[PDB]
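>>> return atomic coordinates for the entry below.
(chains A, B, C, D and E)
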Amino acid sequence: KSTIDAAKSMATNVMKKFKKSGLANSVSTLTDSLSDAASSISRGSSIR
Amino acid sequence: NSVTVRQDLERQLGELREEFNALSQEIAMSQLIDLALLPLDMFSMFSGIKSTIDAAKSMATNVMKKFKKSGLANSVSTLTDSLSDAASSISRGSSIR
Amino acid sequence: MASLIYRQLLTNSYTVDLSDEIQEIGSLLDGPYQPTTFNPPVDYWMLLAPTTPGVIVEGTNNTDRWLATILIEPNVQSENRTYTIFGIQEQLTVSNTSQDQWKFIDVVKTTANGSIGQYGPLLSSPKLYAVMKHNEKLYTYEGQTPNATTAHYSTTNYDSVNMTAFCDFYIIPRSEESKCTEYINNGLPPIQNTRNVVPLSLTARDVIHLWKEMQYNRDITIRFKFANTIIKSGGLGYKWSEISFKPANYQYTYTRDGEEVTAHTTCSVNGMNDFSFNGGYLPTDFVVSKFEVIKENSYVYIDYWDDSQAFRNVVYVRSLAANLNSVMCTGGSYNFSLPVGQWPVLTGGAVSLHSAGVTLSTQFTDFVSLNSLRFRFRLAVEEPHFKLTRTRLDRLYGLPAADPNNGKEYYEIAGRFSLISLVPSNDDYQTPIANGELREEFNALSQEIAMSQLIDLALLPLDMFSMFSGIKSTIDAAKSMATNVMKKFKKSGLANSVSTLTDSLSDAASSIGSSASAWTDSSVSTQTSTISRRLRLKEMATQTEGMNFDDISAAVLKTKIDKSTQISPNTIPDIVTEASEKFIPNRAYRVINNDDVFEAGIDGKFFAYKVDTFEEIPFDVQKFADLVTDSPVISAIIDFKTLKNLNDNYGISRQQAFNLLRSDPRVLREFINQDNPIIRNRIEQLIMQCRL
Amino acid sequence: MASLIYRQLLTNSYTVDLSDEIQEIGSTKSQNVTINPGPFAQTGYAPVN
Amino acid sequence: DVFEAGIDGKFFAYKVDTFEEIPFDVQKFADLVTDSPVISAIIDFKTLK
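Residues are numbered from 1 along each chain as shown, chains lettered A, B, ... in the order given. Take a look:
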């Protein structure tokens, strides 16, 4: 609504804190778990 | 204020290929299929990479700089160019059947 | 599908802001110049920057008042100093409390030979002065830094004021006022921001400057120098103020297998360090304010120009690369001049230079403008020690800005540079060595494109890479090609339509359908036409099945871009913006509900029919509005006229018709292969409409 | 699904030039760095003849 | 009818309900591959059979 002067960095600024909160951490942990499961050979069938 | 330390070098690409080829056995099947099911992206690719230091340059862009000169990019470019030339009413040559 | 190119175009457009920010950083000072006489026009400012004590600048009237400027260094208490004001010597009282910032004072004579006073208190670390003359009043800087104002006076003969300076000054128009304060209150601006980098002769007109590729792979032998600026502070020579690096010039000759090539080079340094050797607070002791030394976080630039068959084709560059070989530079002794006792001596200091970039540059010698090559050099610290004896300064590395010449009058750099230039070759001969109607042409070219290949291309989606990967580009302009088209696209008609739809949808969270919704807001014809015009925006909602109109528009745009040659890189955004909107005003949409089909046209057509035998069905606007809100929508490439003519004149099976209502590419292309005149007519009528 | 990354690598390809637009500008208008001397007296001997 | 072809230089045609082979024709494959959606078959013809 503000409709203010020449282009700002609103998208970048909001992304800066959107990539630090819990969503990014959760997706990182999910990817790490999937990678470790794909690498799960030194223990056989071990993932609970 | 010390003389710059000589920057370290990189493991030989031949040794890299040998190591990657030797790593074949240590891969599971069903878990790999399920991981392939999950979509990835630039943020999900380097979660275990780009260790948190105040000197990184978002290595995704470093990959992008080296990815436009690979075979895939040129193949896509020439395929699109051939499609455009065909759509541009090209007088086909005799050897073009 | 191929429509995705539109969706991405408005998606990443936000990135332009970042580039725009950089653009505002890149959005320019004219100077410096030799101290001479001239008439700087009105609406122009004077950004003076002296360093040596003396009479700074004076504006002569010979009928009106006398204006004089005196610069006073710190570390001088209440004493009397002599200057040369207008050629007549005069004494002035000076009293300074600041220790690291110099001070300017204005001297005003009420007439040509009036009384003498001292006023206009200015304190600044970069030692910068601003004077303006506009609208029947003279402006001069007044007020303590950083934020200040302008003193205003009104004295006759404004436009005839000719101010003779004795330092380096910049001339700036009014619009860069926000720049000026930012370039006055925030330290000495970097030299690379200047237009005429070398302080040589002044010009008020300097301008920054089907084909065939030409390759030039030659060799260079660059010989370059450095330049020091030394000033002595107040007192009796017991202390100095600034020993800094300044741009230098060198013109020489060499051999290149026969040719006496004349190479003109200019040097500059940026991002230097300033070591502070702060002496005792007593008035009589060796004190140095700033010692400028070069370290790892500082760079040196060299601008290289020479006549050659390679350098005469540089105005348009396709590719550029550097393969220089590093060269070491070592400094020499620099002995100070202390009147009493043993003067300090600087020794040591050595660095190395390596190449990490190259681009175009501007250089002038007397009145000849040049298109030079700027080579960027990174620096490295080395083994030799650098110390200041007779004091406590020891164990530092770098290279001082005192005597880097080291006796040698040139530093040699030998390497090979390869560049590719674009030359206008209207044929395959007569290649030069030295350096609207497009609307009609685009509209006329749009009658000969094939159809099957068009459909094939519309099947394969595009992206931000395939759009410009088939068109040749100049490396200087290819940097900002996606950025400009996205900036122009974010101000397109489709952008306004999507913004209005989003605003209306959000406002709706506070007609002709069943209830209130953001899509239900010859009378039947007009209402249906409005509904269709609003529904056109559904093509950005990814809620379509099969091919769509925007895919065909993108495909024809790509084909005509590839075929055309009369379009400049500055012209692509306008063509894309106009084509994304004006293309195909006659759009048709159809929706399916319980074996019934309703179709509406933008032009005012509306029909309804069944899928079994294509029987005409009376039109019900209410159910159409009820269902089109949230349901699959398919672009009606095959509308009811073509479908009925096909079902009558040709014996098609049920699968073909059902896929046609879904616009399946396979059956449509099969019909194209069969070369049915009705489908050819429909496709050709659709294609002919694609024009600006 | 995952193959998107490759389709993503082309997607932002143009941005690599943007990266150059950083460095090609970053080195040009690089700003001076100031050094802070230790808050202790430095000068010793007076001018000795 | 399902037409499966590879890069090594071998091709096959068969039927969906029952797994037995039918003669192959180049024309139909060339027409289909132009517009028809291609499926990345992890389990190839040999393994499926």
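>>> by proximity to chain A, which residue of chain D wins?
Here chain D gets closest to chain A at one residue, residue D:2, 10.4 Å apart by CB to the nearest CB. To be clear about C-beta, it is placed using only N, CA and C from the backbone, and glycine gets the same treatment.
>>> name the nearest residue to that residue, ignoring sequence neighbours.
Excluding the flanking residues, the one nearest residue D:2 by CB to CB, 6 or more residues apart in numbering or on different chains is residue B:40, at 4.4 Å.
>>> residue C:149 too?
Nearest to residue C:149 is residue C:143, by CB to CB, 6+ apart, at 4.8 Å.
>>> hang on, isn't the one you found packed against residue C:124?
No: in this structure residue C:143 lies outside contact range of residue C:124 using CB atoms under 8 Å: 10.7 Å.
>>> ok, back up a step: got the contact list for the residue of chain D closest to chain A?
B:35, B:36, B:37, B:38, B:39, B:40 (CB atoms under 8 Å, 6 or more residues apart in numbering or on different chains).
>>> which secondary structure element is home to the fifth one?
According to DSSP states H and E, residue B:39 maps onto no helix or strand at all.
>>> now do it against residue A:34, distance only.
12 Å (CB to CB, to the nearest Å).
>>> thought residue C:678 was touching residue C:645, still the case?
Yes: using CB under 8 Å, residue C:645 is in contact with residue C:678, at 5.2 Å.
>>> let me know the secondary structure of residue C:300.
Taking DSSP: H, G, I helix; E, B strand; the rest coil as the rule, one finds residue C:300 in the strand state.
>>> residue contacts, it?
Counting by CB under 8 Å, 6+ apart, residue C:300 has contacts C:267, C:268, C:269, C:270, C:294, C:353, C:377, C:379.
>>> give the burial count for the fifth one, as a bare number.
Think residue C:294. 25 (other CB atoms under 10 Å in any protein chain shown).
>>> surely it meets residue C:273?
Yes: applying CB under 8 Å as the test, residue C:294 and residue C:273 come out as touching, 7.2 Å apart.
>>> joint contacts of these two?
Common neighbours of residue C:294 and residue C:273 (CB under 8 Å, 6+ apart) are residue C:398.
>>> hang on, the earlier thing: among the contacts of residue C:300, which one sits closest to chain D?
So of those, ranked by how close each gets to chain D (CB to the nearest CB), first place is residue C:270, at 5.6 Å.
>>> which residue comes closest to the closest one once chain neighbours are left out?
residue C:190 (5.2 Å).
>>> ok, that neighbour to chain B distance?
In this view, residue C:190 and chain B are 23 Å apart by CB to the nearest CB, to the nearest Å.
>>> what does residue C:198 give?
From residue C:198 to chain B the distance is 31 Å (CB to the nearest CB).
>>> top helix in chain D by residue count?
Taking DSSP state H as the criterion, chain D has its longest helix at helix D:15-26.
>>> which of the contacts of residue C:300 lies closest to residue C:523?
Nearest to residue C:523 among these, counting by CB to CB, is residue C:270 at 70.7 Å.
>>> in chain C, which residue sits nearest chain A?
For chain C, CB to the nearest CB, closest residue to chain A: residue C:17, 3.9 Å.
>>> test my guess that that residue contacts residue A:8.
Yes: contact status for residue C:17 versus residue A:8: in contact at 6.6 Å, counting by CB under 8 Å.
>>> residues near the residue in chain D positioned nearest to chain E, how many?
Closest approach between chain D and chain E, counting by CB to the nearest CB: residue D:3, at 9.6 Å. If you count neighbours by other CB under 10 Å, residue D:3 ends up with 11.
>>> where along the stretch 101-250 of chain C do the strands fall?
C:102-109, C:119-124, C:129-133, C:138-142, C:149-153, C:162-165, C:168-172, C:212-224, C:228-232, C:240-245, C:248-255 (DSSP state E, counting those that start in this stretch).
>>> so what's residue C:140 bridging to?
Residue C:140 has these beta-bridge partners by DSSP bridges: residue C:131, residue C:151.
>>> thought it was touching residue C:108?
No: assessed by CB under 8 Å, residue C:140 is found out of contact with residue C:108, at 10.4 Å.
>>> more neighbours, these two?
Using other CB under 10 Å as the criterion, residue C:140 and residue C:108 rank with residue C:140 on top: 21 against 16.
>>> can you pull the contacts of that one?
C:106, C:120, C:130, C:131, C:132, C:150, C:151, C:153.
>>> between residue B:39 and residue A:34, which one's more packed in?
Using other CB under 10 Å, the more surrounded residue of residue B:39 and residue A:34 is residue A:34, with 19 against 12.
>>> wait, the more buried one touches residue B:33, no?
No: judged on CB under 8 Å, residue A:34 makes no contact with residue B:33 at a distance of 11.0 Å.
>>> and the helix or strand that contains residue C:453, what does it pack onto?
Under the criterion DSSP H and E, the helix or strand holding residue C:453 is helix C:452-459. The contact analysis (3 or more CB pairs under 8 Å, 6 or more residues apart in numbering or on different chains; DSSP states H and E) places helix C:452-459 against helix B:71-87, helix C:549-563, helix C:665-674, helix E:26-35.
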